[PDB]
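Participant: Please read through the structure below; I'll follow up with questions.
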Amino acid sequence: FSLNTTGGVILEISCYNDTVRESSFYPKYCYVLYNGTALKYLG
Amino acid sequence: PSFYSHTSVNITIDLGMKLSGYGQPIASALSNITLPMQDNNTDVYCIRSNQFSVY
Ligand SMILES: *[C@@H]1O[C@H](CO)[C@@H](O[C@@H]2O[C@H](CO)[C@@H](O)[C@H](O)[C@H]2NC(C)=O)[C@H](O)[C@H]1NC(C)=O
Ligand SMILES: *[C@@H]1O[C@H](CO)[C@@H](O[C@@H]2O[C@H](CO)[C@@H](O)[C@H](O)[C@H]2NC(C)=O)[C@H](O)[C@H]1NC(C)=O
Ligand SMILES: *[C@@H]1O[C@H](CO)[C@@H](O)[C@H](O)[C@H]1NC(C)=O
Ligand SMILES: *[C@@H]1O[C@H](CO)[C@@H](O)[C@H](O)[C@H]1NC(C)=O
Ligand SMILES: *[C@@H]1O[C@H](CO)[C@@H](O)[C@H](O)[C@H]1NC(C)=O
Ligand SMILES: *[C@@H]1O[C@H](CO)[C@@H](O)[C@H](O)[C@H]1NC(C)=O
């Protein structure tokens, strides 16, 4: 999912096959990405 | 589930004490409170990690 929020901020809901550390870039682990960096871990 | 980042928040309290006329210890209102430094300030501190502890 690619989200366009208020003010033009783009957020993505991306699932990967390997764990991504916080504020970094790349069973499925799902994350919320702000500018290519992991902002929130969903599980 | 969440990311694991921990912050320790230490509050420093410097108390001032005096002896009254009847020998009772009186705590001064001039006691000082110091919070951890954040954005060049030590009077306001907001938690910015996922987990925190206070001391
Ligand atoms: C996300 O939405 C914003 C806000 O609508 C889009 O930015 C607009 O882009 C159009 C393109 O013609 C401009 O006319 C507007 O002026 C822009 N708005 C602002 C506030 O700058 C943006 O393109 C969208 N991002 C996408 C679709 O990826
Ligand atoms: C709390 O901090 C204030 C401000 O630094 C201290 O008041 C100063 O104390 C020094 C040392 O006696 C004096 O030279 C200054 O003139 C004082 N400043 C003012 C504005 O009064 C105060 O002593 C501290 N209280 C404590 C440590 O209990
Ligand atoms: C995820 O898939 C990629 C592409 O096949 C692979 O290189 C990587 O090792 C995989 N990770 C795990 C933890 O299996
Ligand atoms: C997002 O990442 C790109 C690629 O590194 C970078 O050029 C850009 O400045 C970043 N945007 C923000 C708002 O940090
Ligand atoms: C905060 O206090 C703890 C003990 O409660 C100490 O271990 C830690 O280093 C302190 N953190 C600081 C001063 O940033
Ligand atoms: C205030 O913060 C800036 C960065 O915004 C820093 O460069 C500067 O040293 C700070 N000033 C003081 C007096 O701490």
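Every chain in the structure tokens takes a letter, A first, then B, and so on in the order presented; its residues are numbered from 1, and the ligands are numbered from 1 following the presented order.
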Find the residues of chain A in contact range of chain B, meaning any atom within 10 Å when counting only C-alpha atoms, and list them as a list in words.
Facilitator: residues 21, 22, 31, 38, 39, 40, 41, 42 and 43 of chain A
Participant: Show me which residues are within 8 Å of ligand 3 counting only C-alpha atoms and all ligand atoms, and format the list as a VMD selection string.
Facilitator: chain A and resid 16 to 19
Participant: Measuring between only C-alpha atoms and all ligand atoms, which one of A:1, A:14, A:30, A:23 shows the shortest distance to ligand 4?
Facilitator: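 Once distances to ligand 4 are computed over only C-alpha atoms and all ligand atoms, the minimum belongs to A:23.
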Participant: Determine, counting only C-alpha atoms, which protein, DNA and RNA residues have an atom within 12 Å of an atom of region 2-7 of chain A; residues of the same chain fewer than 5 positions away are not included. Present the result as a short mmCIF file (atom, residue, chain, number, x, y, z; two decimals) with N, CA, C and O atoms, in the first residue's frame.
Facilitator:
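File produced: out29.cif:
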data_model
loop_
_atom_site.label_atom_id
_atom_site.label_comp_id
_atom_site.auth_asym_id
_atom_site.auth_seq_id
_atom_site.Cartn_x
_atom_site.Cartn_y
_atom_site.Cartn_z
N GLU A 12 4.54 4.13 3.19
CA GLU A 12 4.37 2.84 2.55
C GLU A 12 4.22 1.75 3.60
O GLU A 12 4.78 1.83 4.69
N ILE A 13 3.42 0.72 3.27
CA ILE A 13 3.29 -0.47 4.14
C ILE A 13 3.96 -1.60 3.36
O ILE A 13 3.35 -2.07 2.41
N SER A 14 5.18 -1.99 3.73
CA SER A 14 5.98 -2.94 2.97
C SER A 14 6.30 -4.16 3.82
O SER A 14 6.70 -4.04 4.97
N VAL A 32 6.20 -0.02 8.34
CA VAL A 32 5.76 1.26 7.80
C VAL A 32 7.00 2.07 7.48
O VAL A 32 7.83 2.33 8.36
N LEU A 33 7.14 2.47 6.22
CA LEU A 33 8.29 3.22 5.74
C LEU A 33 7.88 4.65 5.42
O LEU A 33 6.82 4.89 4.82
N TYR A 34 8.72 5.60 5.82
CA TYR A 34 8.47 7.02 5.58
C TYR A 34 9.26 7.54 4.38
O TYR A 34 8.68 8.05 3.43
N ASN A 35 10.58 7.40 4.41
CA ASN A 35 11.46 7.86 3.34
C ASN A 35 12.48 6.78 3.01
O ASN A 35 13.67 7.03 2.85
#
Participant: Would you name the residues within 9 Å of ligand 6, counting only C-alpha atoms and all ligand atoms, and put them as a ChimeraX atom specification?
Facilitator: /B:39-41
Participant: Let me see the file: selected residues, N, CA and C atoms, as a short mmCIF file (atom, residue, chain, number, x, y, z; two decimals), in the first residue's frame.
Facilitator:
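The resulting file, selection.cif, is reproduced below:
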data_model
loop_
_atom_site.label_atom_id
_atom_site.label_comp_id
_atom_site.auth_asym_id
_atom_site.auth_seq_id
_atom_site.Cartn_x
_atom_site.Cartn_y
_atom_site.Cartn_z
N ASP B 39 17.23 19.33 22.78
CA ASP B 39 17.09 20.52 21.94
C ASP B 39 17.56 21.77 22.68
N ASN B 40 18.78 21.71 23.21
CA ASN B 40 19.44 22.84 23.88
C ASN B 40 18.70 23.29 25.14
N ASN B 41 17.74 22.51 25.62
CA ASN B 41 16.94 22.88 26.77
C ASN B 41 16.96 21.77 27.81
#
Participant: Using only C-alpha atoms for the distances, tell me which of B:19, B:11, B:54, B:46 is nearest to residue 34 (chain B).
Facilitator: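 Smallest distance to residue 34 (chain B) is found for B:11.
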Participant: Using only C-alpha atoms and all ligand atoms, what are the residues with an atom within 12 Å of ligand 5, set out as number ranges by chain?
Facilitator: B: 6-12, 34-38, 52-55
Participant: What would the file look like if the residues just selected were written as a PDB file, in the first residue's frame with N, CA and C atoms?
Facilitator:
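Saved to result.pdb:
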ATOM      1  N   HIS B   6      15.313   1.907  24.025  1.00  0.00           N
ATOM      2  CA  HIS B   6      15.063   2.271  25.411  1.00  0.00           C
ATOM      3  C   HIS B   6      15.749   3.583  25.762  1.00  0.00           C
ATOM      4  N   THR B   7      15.044   4.418  26.520  1.00  0.00           N
ATOM      5  CA  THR B   7      15.558   5.694  26.998  1.00  0.00           C
ATOM      6  C   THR B   7      15.453   5.750  28.516  1.00  0.00           C
ATOM      7  N   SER B   8      16.546   6.134  29.168  1.00  0.00           N
ATOM      8  CA  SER B   8      16.560   6.366  30.605  1.00  0.00           C
ATOM      9  C   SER B   8      16.446   7.860  30.868  1.00  0.00           C
ATOM     10  N   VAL B   9      15.442   8.247  31.645  1.00  0.00           N
ATOM     11  CA  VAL B   9      15.173   9.640  31.968  1.00  0.00           C
ATOM     12  C   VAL B   9      15.547   9.838  33.427  1.00  0.00           C
ATOM     13  N   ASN B  10      16.610  10.592  33.668  1.00  0.00           N
ATOM     14  CA  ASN B  10      17.089  10.863  35.014  1.00  0.00           C
ATOM     15  C   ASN B  10      16.719  12.287  35.401  1.00  0.00           C
ATOM     16  N   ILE B  11      16.005  12.428  36.511  1.00  0.00           N
ATOM     17  CA  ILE B  11      15.635  13.729  37.049  1.00  0.00           C
ATOM     18  C   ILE B  11      16.538  14.008  38.240  1.00  0.00           C
ATOM     19  N   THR B  12      17.288  15.103  38.173  1.00  0.00           N
ATOM     20  CA  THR B  12      18.159  15.515  39.265  1.00  0.00           C
ATOM     21  C   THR B  12      17.437  16.563  40.099  1.00  0.00           C
ATOM     22  N   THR B  34      16.455  19.348  37.393  1.00  0.00           N
ATOM     23  CA  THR B  34      17.169  19.262  36.127  1.00  0.00           C
ATOM     24  C   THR B  34      16.699  18.021  35.385  1.00  0.00           C
ATOM     25  N   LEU B  35      16.205  18.218  34.175  1.00  0.00           N
ATOM     26  CA  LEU B  35      15.801  17.178  33.249  1.00  0.00           C
ATOM     27  C   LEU B  35      16.917  16.907  32.252  1.00  0.00           C
ATOM     28  N   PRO B  36      16.906  15.749  31.593  1.00  0.00           N
ATOM     29  CA  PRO B  36      17.917  15.489  30.562  1.00  0.00           C
ATOM     30  C   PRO B  36      17.849  16.528  29.453  1.00  0.00           C
ATOM     31  N   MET B  37      19.032  16.863  28.925  1.00  0.00           N
ATOM     32  CA  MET B  37      19.117  17.902  27.868  1.00  0.00           C
ATOM     33  C   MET B  37      18.440  17.406  26.591  1.00  0.00           C
ATOM     34  N   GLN B  38      17.617  18.254  25.981  1.00  0.00           N
ATOM     35  CA  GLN B  38      16.931  17.922  24.738  1.00  0.00           C
ATOM     36  C   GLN B  38      16.661  19.212  23.982  1.00  0.00           C
ATOM     37  N   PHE B  52      10.857   3.427  27.816  1.00  0.00           N
ATOM     38  CA  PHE B  52      11.589   4.344  28.673  1.00  0.00           C
ATOM     39  C   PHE B  52      11.462   3.911  30.125  1.00  0.00           C
ATOM     40  N   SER B  53      12.418   4.369  30.925  1.00  0.00           N
ATOM     41  CA  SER B  53      12.402   4.211  32.371  1.00  0.00           C
ATOM     42  C   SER B  53      12.736   5.552  33.001  1.00  0.00           C
ATOM     43  N   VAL B  54      12.264   5.765  34.226  1.00  0.00           N
ATOM     44  CA  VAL B  54      12.442   7.032  34.927  1.00  0.00           C
ATOM     45  C   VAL B  54      13.162   6.777  36.243  1.00  0.00           C
ATOM     46  N   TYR B  55      14.118   7.646  36.560  1.00  0.00           N
ATOM     47  CA  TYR B  55      14.888   7.558  37.791  1.00  0.00           C
ATOM     48  C   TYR B  55      15.062   8.954  38.366  1.00  0.00           C
TER      49      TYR B  55
END
